[PDB]
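Take a look at the structure below.
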2 protein chains.
Amino acid sequence: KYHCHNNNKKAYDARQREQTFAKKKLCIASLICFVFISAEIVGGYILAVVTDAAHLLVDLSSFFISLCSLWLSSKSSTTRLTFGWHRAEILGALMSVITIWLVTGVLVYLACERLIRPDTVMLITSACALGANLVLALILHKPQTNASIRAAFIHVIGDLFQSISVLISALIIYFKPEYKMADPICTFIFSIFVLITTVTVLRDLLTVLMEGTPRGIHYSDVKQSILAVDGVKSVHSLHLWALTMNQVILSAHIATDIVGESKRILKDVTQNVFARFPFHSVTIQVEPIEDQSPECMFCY
Amino acid sequence: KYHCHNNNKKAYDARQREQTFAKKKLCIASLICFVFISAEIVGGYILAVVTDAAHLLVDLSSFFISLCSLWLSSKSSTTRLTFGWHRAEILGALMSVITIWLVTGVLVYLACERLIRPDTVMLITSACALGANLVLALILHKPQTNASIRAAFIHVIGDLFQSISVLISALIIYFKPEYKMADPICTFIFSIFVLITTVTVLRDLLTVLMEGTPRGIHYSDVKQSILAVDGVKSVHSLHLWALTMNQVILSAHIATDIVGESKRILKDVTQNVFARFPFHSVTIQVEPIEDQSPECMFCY
Ligand SMILES: [Zn+2]
Ligand SMILES: [Zn+2]
Ligand SMILES: [Zn+2]
Ligand SMILES: [Zn+2]
């Protein structure tokens, strides 16, 4: 009694732990961020206007989309969306990365306008921003890393460079009142670095959305595993795609010389395929060797 | 010699015509839009009209992403991205819809600021904007509509309402100099309508990106078609998802009572499945009746 669902539990329990573990850190980070929100209010009474609220507001806002997607991803499979809502944490994480591009562009425009209209508080604001951001970096931070932690961490550590830039600009100005042109150019030399560290995340997250082969698995390795069976002769129209970052699905065709005894081949191939990676699901068809064609364009 | 690729040509030639036909209209629209761009330059020599023509700038830009995606979608399938770049026109169209939300939000901010700082050229600018936009509506505008024409059309016809709002505001002010508060509120009553007509596009385009069942096909109808075969007994873990708007893929399990004679079942089921809809591809496994289990967390 070899049911085809026997090996699917390996990728079921591993996923369950990841979403519970991920929900633990964001809730801790959200509360820690909320504590530092009240610090600005306390300082407002005792100067009063500080721009740290804008940076901290989007950070807390970016920590509610990910919790919402993780809360939403637990829904049951339906007639529509047959695979389930398990891809909702890719779209949820993509919106977080988009915020970094939009936020940076706004600050570039404000820094650019300093040229046409040139003009202790700077030091204290930079210290608070560089303190809160650095703390959350450590709090946030074999199977590949979660698609949501890999986005929230980039958001927190991406904006740490902006706090570095203002500290350098304020320190130079406070010691040298002249050469005020360094402040507008200080942001430009550091605004690019935020746009560079978010490139390896966009590429690793965009190929999933167009059902490309995910990192950690190889097309050539999987093809060799199937061919180890004696019965199989050739594989065509192989298909690998990742439903999420650490869940993969397989689909293929298999050609065998013997028209009969096809029941035995399915048990051996499915067992051999699962002995290399925990697959979310696998669907393997069997075609007799007579039905193969030499020069089909779809076959290649 | 019933090759499994025989019926895949039905959904191959139909797709080929759609991308060639779609590339014909955008090129015509881009040139027509370019002609009206030169009208702004001609009027510049002979008055606060560049701002009116700023709307036409993003429209031409929005018509280059779609042509780029259609140019890019023709690339060959590779080891990575096994299915191909055929989903690049969903991501390309999604970015066009996002532009509508960002552009509208900017115009709301400028219209909102009129309250704090109240303050023939309006008529001529509105006439030109309402003329060019209306012409492109007709130029742009059974298988479902293309995912790129359904986005470019919404962009052109979405911003026609903004040109309507300025015409109403200018006409009322020109006749009644007083009651200047109608101009700031004129945009608000018409900025919402742009955000409403773009909702049925976002939903119909987002469920494709999370591999949901596309419009035009039904889960219950497909399940009944398979069961018409005498051999098949039960189907579990059915899976439908749309690679693009008018291309669908099928994957299922089939349980049969007779352990032998499985070669005949595959030919009948595949022929019967293709006689309801032109599928991009189909992969059907066969499982013996013994391997079925009374209950599972995956079968249901
Ligand atoms: Zn099964
Ligand atoms: Zn073929
Ligand atoms: Zn085949
Ligand atoms: Zn089962």
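In the structure tokens, chains take the letters A, B, ... in the order shown, each chain's residues start at 1, and ligands count up from 1 in the order shown.
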Mind running chain B against ligand 1 at 10 Å and telling me each contacting residue's nearest atom pair with the distance in Å (one decimal), counting only C-alpha atoms and all ligand atoms, chain and number ascending, as JSON lines?
{"residue": "B:235", "atom": "CA", "partner": "ligand 1", "partner_atom_place_in_ligand_line": "1 (Zn)", "distance": 8.4}
{"residue": "B:236", "atom": "CA", "partner": "ligand 1", "partner_atom_place_in_ligand_line": "1 (Zn)", "distance": 6.6}
{"residue": "B:237", "atom": "CA", "partner": "ligand 1", "partner_atom_place_in_ligand_line": "1 (Zn)", "distance": 7.2}
{"residue": "B:238", "atom": "CA", "partner": "ligand 1", "partner_atom_place_in_ligand_line": "1 (Zn)", "distance": 9.9}
{"residue": "B:252", "atom": "CA", "partner": "ligand 1", "partner_atom_place_in_ligand_line": "1 (Zn)", "distance": 8.3}
{"residue": "B:253", "atom": "CA", "partner": "ligand 1", "partner_atom_place_in_ligand_line": "1 (Zn)", "distance": 5.4}
{"residue": "B:254", "atom": "CA", "partner": "ligand 1", "partner_atom_place_in_ligand_line": "1 (Zn)", "distance": 7.4}
{"residue": "B:255", "atom": "CA", "partner": "ligand 1", "partner_atom_place_in_ligand_line": "1 (Zn)", "distance": 7.9}
{"residue": "B:285", "atom": "CA", "partner": "ligand 1", "partner_atom_place_in_ligand_line": "1 (Zn)", "distance": 8.1}
{"residue": "B:286", "atom": "CA", "partner": "ligand 1", "partner_atom_place_in_ligand_line": "1 (Zn)", "distance": 8.2}
{"residue": "B:287", "atom": "CA", "partner": "ligand 1", "partner_atom_place_in_ligand_line": "1 (Zn)", "distance": 6.5}
{"residue": "B:288", "atom": "CA", "partner": "ligand 1", "partner_atom_place_in_ligand_line": "1 (Zn)", "distance": 9.3}
{"residue": "B:291", "atom": "CA", "partner": "ligand 1", "partner_atom_place_in_ligand_line": "1 (Zn)", "distance": 7.9}
{"residue": "B:292", "atom": "CA", "partner": "ligand 1", "partner_atom_place_in_ligand_line": "1 (Zn)", "distance": 7.2}
{"residue": "B:293", "atom": "CA", "partner": "ligand 1", "partner_atom_place_in_ligand_line": "1 (Zn)", "distance": 9.2}
{"residue": "B:298", "atom": "CA", "partner": "ligand 1", "partner_atom_place_in_ligand_line": "1 (Zn)", "distance": 9.0}
{"residue": "B:299", "atom": "CA", "partner": "ligand 1", "partner_atom_place_in_ligand_line": "1 (Zn)", "distance": 7.4}
Include C-alpha atoms and write out the residues we just selected as an mmCIF file, in the first residue's frame.
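Contents of the output file result-v5.cif:
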data_model
loop_
_atom_site.group_PDB
_atom_site.id
_atom_site.type_symbol
_atom_site.label_atom_id
_atom_site.label_comp_id
_atom_site.auth_asym_id
_atom_site.auth_seq_id
_atom_site.Cartn_x
_atom_site.Cartn_y
_atom_site.Cartn_z
ATOM 1 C CA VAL B 235 -9.911 12.126 -9.679
ATOM 2 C CA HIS B 236 -7.998 13.720 -6.808
ATOM 3 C CA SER B 237 -5.559 16.625 -6.482
ATOM 4 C CA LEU B 238 -6.772 18.352 -9.633
ATOM 5 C CA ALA B 252 -4.421 15.547 -12.232
ATOM 6 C CA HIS B 253 -4.396 12.013 -10.874
ATOM 7 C CA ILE B 254 -6.614 9.251 -12.258
ATOM 8 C CA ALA B 255 -7.619 6.032 -10.491
ATOM 9 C CA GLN B 285 -0.939 10.194 -14.073
ATOM 10 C CA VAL B 286 -2.578 6.791 -13.603
ATOM 11 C CA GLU B 287 -2.791 5.064 -10.218
ATOM 12 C CA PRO B 288 -4.131 1.581 -9.423
ATOM 13 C CA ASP B 291 -3.209 2.593 -3.925
ATOM 14 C CA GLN B 292 -6.219 4.784 -3.085
ATOM 15 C CA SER B 293 -6.665 5.518 0.621
ATOM 16 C CA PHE B 298 -4.049 15.872 0.652
ATOM 17 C CA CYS B 299 -6.678 13.910 -1.294
#
Within 12 Å of residue 105 (chain B) using only C-alpha atoms, minus same-chain residues under 5 positions, as a ChimeraX atom specification: /B:98-100,110-112,187-188,191-192,194-195
Test item: chain A residues at most 9 Å from chain B, counting only C-alpha atoms, as a ChimeraX atom specification: /A:1-5,8,79-88,91,207,209-214,218-220,237-241,243,251-253,259-263,266,283-288,290-293,296,298-299
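Here chain B was fitted onto chain A over its full set of C-alpha atoms, and the resulting RMSD is 0.5 Å.
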Test item: residues at most 10 Å from residue 145 (chain A), only C-alpha atoms, excluding those fewer than 4 positions along its chain, as an NGL selection string: :A and (18 or 149-150 or 245-246)
Export of the given selection (N, CA, C and O atoms) as a PDB file, in the first residue's frame:
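Everything below was put into result_18.pdb:
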ATOM      1  N   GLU A  18       8.213  26.907   9.855  1.00  0.00           N
ATOM      2  CA  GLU A  18       8.785  28.150   9.346  1.00  0.00           C
ATOM      3  C   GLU A  18       7.831  29.324   9.525  1.00  0.00           C
ATOM      4  O   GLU A  18       8.263  30.437   9.844  1.00  0.00           O
ATOM      5  N   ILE A 149      11.325  37.246   5.890  1.00  0.00           N
ATOM      6  CA  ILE A 149      12.442  37.737   6.691  1.00  0.00           C
ATOM      7  C   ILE A 149      13.511  38.346   5.793  1.00  0.00           C
ATOM      8  O   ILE A 149      14.158  39.333   6.158  1.00  0.00           O
ATOM      9  N   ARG A 150      13.714  37.770   4.608  1.00  0.00           N
ATOM     10  CA  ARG A 150      14.677  38.310   3.658  1.00  0.00           C
ATOM     11  C   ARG A 150      14.244  39.648   3.077  1.00  0.00           C
ATOM     12  O   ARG A 150      15.059  40.312   2.429  1.00  0.00           O
ATOM     13  N   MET A 245       9.417  30.116  -1.951  1.00  0.00           N
ATOM     14  CA  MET A 245      10.876  30.061  -2.022  1.00  0.00           C
ATOM     15  C   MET A 245      11.414  28.677  -1.669  1.00  0.00           C
ATOM     16  O   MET A 245      12.381  28.211  -2.283  1.00  0.00           O
ATOM     17  N   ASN A 246      10.812  28.004  -0.688  1.00  0.00           N
ATOM     18  CA  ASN A 246      11.299  26.705  -0.235  1.00  0.00           C
ATOM     19  C   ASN A 246      10.277  25.592  -0.460  1.00  0.00           C
ATOM     20  O   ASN A 246      10.205  24.640   0.319  1.00  0.00           O
TER      21      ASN A 246
END
Atom pair CA of residue 186 (chain B) / CA of residue 97 (chain B): separation (Å): 23.5 Å
Those in region 41-226 of chain A with helix (DSSP H, G or I) from DSSP, as a VMD selection string: chain A and resid 41 to 45 52 to 72 88 to 112 121 to 140 149 to 158 160 to 175 182 to 196 199 to 209 219 to 226
Secondary structure check, strand (DSSP E or B) residues of region 234-298 of chain B, as JSON, numbers by chain: {"B": [234, 235, 236, 237, 238, 239, 240, 241, 242, 243, 244, 247, 248, 249, 250, 251, 252, 253, 254, 255, 256, 281, 282, 283, 284, 285, 286, 287, 288]}
Who sits within 9 Å of region 131-133 of chain A, only C-alpha atoms, same chain under 3 positions skipped, as a ChimeraX atom specification: /A:33,36,126-128,136-137,156-157,159-160,163
Take the residues that were just selected and, keeping N, CA and C atoms, output them as a PDB file, in the first residue's frame.
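After the write, result-v3.pdb holds the following:
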ATOM      1  N   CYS A  33       9.657  48.177  17.962  1.00  0.00           N
ATOM      2  CA  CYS A  33       9.512  49.402  17.184  1.00  0.00           C
ATOM      3  C   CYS A  33       8.489  50.336  17.817  1.00  0.00           C
ATOM      4  N   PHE A  36       9.934  52.528  20.674  1.00  0.00           N
ATOM      5  CA  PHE A  36      10.692  53.681  20.205  1.00  0.00           C
ATOM      6  C   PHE A  36       9.803  54.741  19.569  1.00  0.00           C
ATOM      7  N   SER A 126      20.314  62.021  14.585  1.00  0.00           N
ATOM      8  CA  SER A 126      21.078  60.952  13.952  1.00  0.00           C
ATOM      9  C   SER A 126      21.376  59.825  14.933  1.00  0.00           C
ATOM     10  N   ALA A 127      21.695  60.168  16.184  1.00  0.00           N
ATOM     11  CA  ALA A 127      21.997  59.143  17.177  1.00  0.00           C
ATOM     12  C   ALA A 127      20.789  58.255  17.443  1.00  0.00           C
ATOM     13  N   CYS A 128      19.602  58.853  17.558  1.00  0.00           N
ATOM     14  CA  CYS A 128      18.397  58.063  17.792  1.00  0.00           C
ATOM     15  C   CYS A 128      18.075  57.174  16.597  1.00  0.00           C
ATOM     16  N   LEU A 136      17.274  46.741  15.672  1.00  0.00           N
ATOM     17  CA  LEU A 136      16.376  45.838  14.958  1.00  0.00           C
ATOM     18  C   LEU A 136      17.124  44.951  13.970  1.00  0.00           C
ATOM     19  N   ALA A 137      18.329  45.350  13.559  1.00  0.00           N
ATOM     20  CA  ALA A 137      19.110  44.510  12.657  1.00  0.00           C
ATOM     21  C   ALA A 137      19.474  43.186  13.314  1.00  0.00           C
ATOM     22  N   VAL A 156      15.006  47.104   7.003  1.00  0.00           N
ATOM     23  CA  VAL A 156      15.604  47.695   8.196  1.00  0.00           C
ATOM     24  C   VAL A 156      17.053  48.086   7.934  1.00  0.00           C
ATOM     25  N   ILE A 157      17.835  47.174   7.355  1.00  0.00           N
ATOM     26  CA  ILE A 157      19.252  47.452   7.148  1.00  0.00           C
ATOM     27  C   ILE A 157      19.493  48.296   5.903  1.00  0.00           C
ATOM     28  N   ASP A 159      17.759  51.095   5.212  1.00  0.00           N
ATOM     29  CA  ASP A 159      17.639  52.477   5.655  1.00  0.00           C
ATOM     30  C   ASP A 159      18.641  52.841   6.741  1.00  0.00           C
ATOM     31  N   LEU A 160      19.460  51.890   7.194  1.00  0.00           N
ATOM     32  CA  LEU A 160      20.538  52.226   8.115  1.00  0.00           C
ATOM     33  C   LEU A 160      21.584  53.106   7.445  1.00  0.00           C
ATOM     34  N   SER A 163      20.704  56.825   7.716  1.00  0.00           N
ATOM     35  CA  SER A 163      21.082  57.366   9.017  1.00  0.00           C
ATOM     36  C   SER A 163      22.587  57.580   9.115  1.00  0.00           C
TER      37      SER A 163
END
Spatial neighbours of residue 225 (chain B), max dist 8 Å, only C-alpha atoms, sep filter under 3 positions, as a JSON list (two decimals) with N, CA, C and O atoms, in the first residue's frame:
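So the final result, stored in out-v1.json, reads:
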[["chain", "number", "residue", "atom", "x", "y", "z"],
["B", 221, "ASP", "N", -16.74, 21.78, -14.55],
["B", 221, "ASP", "CA", -16.93, 21.31, -15.93],
["B", 221, "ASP", "C", -15.80, 20.38, -16.35],
["B", 221, "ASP", "O", -16.05, 19.35, -17.00],
["B", 222, "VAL", "N", -14.56, 20.72, -16.01],
["B", 222, "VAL", "CA", -13.42, 19.90, -16.41],
["B", 222, "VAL", "C", -13.46, 18.55, -15.70],
["B", 222, "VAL", "O", -13.13, 17.51, -16.29],
["B", 228, "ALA", "N", -16.24, 11.04, -17.87],
["B", 228, "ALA", "CA", -17.02, 10.42, -18.94],
["B", 228, "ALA", "C", -16.39, 9.14, -19.45],
["B", 228, "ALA", "O", -17.09, 8.29, -20.01],
["B", 272, "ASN", "N", -10.39, 13.31, -24.89],
["B", 272, "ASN", "CA", -11.64, 13.86, -24.37],
["B", 272, "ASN", "C", -11.42, 15.18, -23.65],
["B", 272, "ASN", "O", -12.28, 16.07, -23.69],
["B", 273, "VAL", "N", -10.27, 15.34, -22.99],
["B", 273, "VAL", "CA", -9.99, 16.58, -22.28],
["B", 273, "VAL", "C", -9.80, 17.73, -23.27],
["B", 273, "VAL", "O", -10.29, 18.84, -23.05]]
A:267, A:142, A:37, A:70 ranked by distance to residue 14 (chain A), top pick (using only C-alpha atoms): A:142
d(CA of residue 140 (chain B), CA of residue 153 (chain B)) in Å: 6.3 Å
Using only C-alpha atoms and all ligand atoms: which of A:26, A:135, A:258, A:289 has the shortest distance to ligand 3: A:289
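Of the residues under consideration (A:256, A:103, A:249, A:12), A:256 shows the shortest atom-to-atom contact distance to residue 230 (chain A) when counting only C-alpha atoms.
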